[PDB]
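In case you want the letters, here they are:
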Amino acid sequence: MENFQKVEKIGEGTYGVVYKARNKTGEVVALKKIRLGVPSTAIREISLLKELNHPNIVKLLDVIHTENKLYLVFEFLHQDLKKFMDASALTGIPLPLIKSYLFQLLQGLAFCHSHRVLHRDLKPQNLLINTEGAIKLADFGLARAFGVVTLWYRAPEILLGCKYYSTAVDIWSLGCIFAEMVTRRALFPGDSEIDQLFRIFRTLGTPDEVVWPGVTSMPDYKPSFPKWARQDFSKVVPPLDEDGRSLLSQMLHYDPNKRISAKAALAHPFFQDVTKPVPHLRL
Ligand SMILES: CCOc1ccc(Nc2c(C)c(N[C@H]3CCCNC3)nc3ccnn23)cc1
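Residue numbers count from 1 along every chain, following the sequence as written rather than necessarily the entry numbering; any residue without coordinates is not displayed. Excluding hydrogens and water, the side-chain figures rest on all heavy atoms present in the structure.

Determination of this PDB entry was carried out by X-ray crystallography to a resolution of 2.00 Å, according to the record.

Further remarks concern the overall build of the chain. Helix and strand definitions follow DSSP, with helices as H or I runs of at least four residues and strands as E runs of at least two, each counted in order from the N terminus. Helices and strands together make up the secondary structure of the chain, namely 10 helices and 8 strands. Computed over its C-alpha atoms, the radius of gyration of the chain comes to 19 Å, within 12% of the 19 Å expected for a compact globule of 283 residues. With the principal axes as the frame, the chain shows a C-alpha extent of 60 × 40 × 30 Å. The buried label applies to any residue whose accessible area, calculated with a 1.4 Å probe on protein chains only, is under 20% of its type's maximum; exposed applies above 50%, and partly exposed to all values in between. Looking at the chain as a whole, 49% of its 283 residues qualify as buried. Here the chain has roughly 14,300 Å² of accessible surface; of this, 51% comes from carbon and sulfur atoms. All tallies of charge rest on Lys and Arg as positive and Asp and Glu as negative; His and the ends of each chain are not included. To locate a charge, take NZ of a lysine, CZ of an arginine, CG of an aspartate or CD of a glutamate. Averaged over its 36 positive side-chain charges, the chain has a centre that lies 2 Å from the centre of its 29 negative ones. Radius of gyration here uses only the C-alpha atoms, and the compact-globule reference equals 2.2 Å multiplied by the residue count raised to the power 0.38. Here the Shrake-Rupley method, with its probe set to 1.4 Å, supplies the accessible areas, and only the displayed protein chains count as covering residues.

Our focus in this paragraph is the UniProt feature "binding site: Mg(2+)" in the chain. UniProt positions are given in the numbering used here, feature names are shortened, and annotations may be inferred rather than shown by experiment. UniProt records the feature "binding site: Mg(2+)" for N126 and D139 in the present numbering. Of the annotated positions mentioned, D139 line the largest cavity. Inspection of the secondary structure puts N126 in the loop between α3 (95-114) and β7 (127-129). You can call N126 buried: its relative accessible area is 6%. Lining residues are those with an atom within 4 Å of a point, where the points come from a 1 Å grid over the protein atoms alone and group into cavities, where a 1.4 Å probe fits but cannot get out, or pockets, open sets with protein on both sides within 12 Å along at least five of seven lines.

What follows deals with the sheet that holds strand β8 (residues 135-137). Spatial ordering of the open sheet is given by β6-β7-β8, a layout of 3 strands whose pairing is antiparallel. This sheet does not close on itself; its edge strands, each paired only once, are β6 (79-80) and β8. When β7 meets β8, the two strands line up antiparallel, connected through 3 bridges. Within the sheet, the bridge partner assigned to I129 lies in β8 and is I135. In this scheme, strands are said to pair when DSSP sees at least two bridges between them.

One way to see where empty space is left: roll a probe the size of a water molecule over the atoms. Estimated volume of the largest cavity: approximately 110 Å³. If you go around the largest cavity, you meet 14 residues; those closest to its centre are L49, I57, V58, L60 and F140. In terms of residue class, the lining of the largest cavity is built from 10 nonpolar, 2 polar and 2 charged. Residue ranges assigned to the domains are those given by an automatic or database domain assignment. Each of domain 1 (1-78) and domain 2 (79-281) contributes no fewer than three residues to the lining of the largest cavity. Grid points are joined across faces, edges and corners, and a volume is the space filled by probe spheres set on the points. Polarity classes work like this: nonpolar for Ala, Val, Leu, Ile, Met, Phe, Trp, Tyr, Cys and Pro, charged for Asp, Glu, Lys and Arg, and polar for all others, with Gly in that last group.

A few words now on the environment of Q104. Along the chain, the position of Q104 falls in helix α3. The class of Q104 is buried, set by a relative accessible area of 7%. Distance from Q104 to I57, taken between C-alpha atoms, is 9.9 Å for residues 47 residues apart in sequence. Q104 has contacts with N56, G133, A134, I135 and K276, leaving out every residue within four places of it along the chain. In this description, contact between two residues means that some pair of their heavy atoms is separated by no more than 4.5 Å.

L81, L102, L106, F178, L247 and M251 are the most contacted members of the largest nonpolar core, which totals 84 residues. Built from parts of two domains, this core gets at least three residues from each of domain 1 (1-78) and domain 2 (79-281). Ignoring any residue separated from it by four or fewer positions in sequence, one finds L81 in contact with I93, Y101, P124, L127, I135, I177 and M181. Among the buried residues, those of types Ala, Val, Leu, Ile, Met, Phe, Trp, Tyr and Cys that are joined through side-chain atoms within 4.5 Å form a nonpolar core. The next biggest cluster of nonpolar side chains, apart from the first, holds 7 residues, and it includes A21, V29, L31 and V73.

We call a pair of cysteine sulfur atoms a disulfide when they lie within 2.5 Å. The tally for this structure, following the rule as stated, stands at 0 disulfides. Here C112 stays free of any disulfide, with the sulfur of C176 as its closest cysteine sulfur at 19 Å. Look at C112 and you get buried, because its relative accessible area is 0%.

Of the pairings in the sheet, the one linking strand β4 (residues 60-66) to strand β5 (residues 69-75) comprises 6 bridges and is antiparallel in character. Considered in β5, the bridge of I64 is made with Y71. Connecting β4 to the antiparallel partner β5 that follows it, the hairpin turn spans 2 residues, and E67 within it adopts a positive phi of roughly 55°.

So, on to the site of the ligand. In the vicinity of the ligand lie 15 residues, with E75, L77, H78, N126 and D139 positioned nearest. For the shell around the ligand, the secondary-structure elements that each account for two or more residues are β1 (4-13), β3 (28-34) and β6. There are two domains that each give the shell around the ligand at least three residues, and those are domain 1 (1-78) and domain 2 (79-281). Put simply, a residue is near a molecule or strand once any heavy atom of it comes within 4 Å of that molecule or strand.

UniProt records the feature "active site" for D121 in the present numbering. Note on placement: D121 falls in the loop between α3 and β7. If we skip the residues at most four places from it in the chain, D121 touches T14 and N126. Pairs of N or O atoms are called polar contacts if they sit within 3.5 Å, as long as, within protein, a hydrogen donor faces a hydrogen acceptor (for residues adjacent in sequence, only side-chain-to-side-chain pairs). Within the structure, the side chain of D121 is placed 2.9 Å from the side chain of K123, a separation counted as a polar contact.

Spelled out as structure tokens, the structure:
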């Protein structure tokens, strides 16, 4: 721990402060001080995460439990998708690069999901990019590990009070990010839980028992919810092509059981001509 020299503060998450740091191995790392001894379950869960290694998952290099505090040492990347989106706002991310990033994030999700590990908190600031065209998921497994946060990417079954949600929650979040790369605007930018739900309802239709069996018995479902009609995706994500719109529609299925899995999404015709472009990055 005295083994690291802070370089600068680079971020601030739900789980504490993040610094760029140098390991006195020579390596440059992202160091996360976990907000706080450490409960023993958090330890064994995080220890499990160190083994969950994939090219599209930010590598957990080390887990330092000392002085009764917890530090997570991560592989360092120089940019995130939020900043890249803000920088690309004038002409948009080119479609082939959108498709490459979506494809790679679905590979990362299919990996974690096959081990029954969920992210739960996907958002642009958690997706990190390098000069080689790679994109990686940061903070995977941390929500389960530890128990204004953005609601924009939160799945409707969470907002409706489901306690035992599934890997489908990460697919919803990724479809929301896909729509945002395409249109250069957040799809559902809610500033309260009801505003988030009602934005979803205004675009996708108020869900009912027809499209989502069991919806009306959910913990926070209210029969008094206004009933809005569903919009056409051609209005929601222009100028995305029909393969893209078709894939997005399956990622945004109301019923978590009908929503497409990461593994099935990888086979969708949208990915038939996928390539790996390199972005233009100013670091
Ligand atoms: C171009 C300046 O922007 C940057 C600069 C550095 C980063 N790097 C970074 C940042 C900012 C980061 N921040 C965390 C903050 C809390 C939520 N999850 C991500 N985590 C990691 C892990 C590996 N790299 N990294 C991201 C964006």
